[PDB]
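So the protein lines, in turn, are chains B and N.
In the entry's author numbering, each residue carries its 1-based index in the first sequence increased by 786.
In the entry's author numbering, each residue carries its 1-based index in the second sequence increased by 877.
Even for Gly, the Cβ is constructed at its ideal location relative to N, Cα and C.
Down below is the structure, laid out as structure tokens.
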Amino acid sequence: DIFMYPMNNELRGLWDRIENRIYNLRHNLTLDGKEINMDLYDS
Amino acid sequence: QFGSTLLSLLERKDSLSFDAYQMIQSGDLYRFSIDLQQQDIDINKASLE
């Protein structure tokens, strides 16, 4: 009885999926979490 | 003899003054040189990006 039933994966899948979107919204990112800004470079 | 002797000294002097002036004058071009070289470095950075 050393093991236990773990939390079933699809649940954390859902949790994580939403958390990822939320994070992107935290940082104004695309749904893809890609930067929306053009990230211009110069010197 | 005195007059001729002195003359030669003035010729010496102006020679040195010319060389000095020329050297310091030439020293300025490095400014531009540095500017453009650094600029090229930045350009290569952009290319890498």
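Counted as a single uninterrupted DSSP element, the alpha helix (DSSP H) harbouring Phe-895 of chain N occupies residues 879 to 903. Remark: C-beta atoms of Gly-799 of chain B and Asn-810 of chain B do not approach each other more closely than 8 Å. From the beta-carbon of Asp-919 of chain N, the residues of chain B found nearer than 7 Å are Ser-829.
At a Cβ-Cβ threshold of 8 Å, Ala-923 of chain N and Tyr-827 of chain B count as neighbours.
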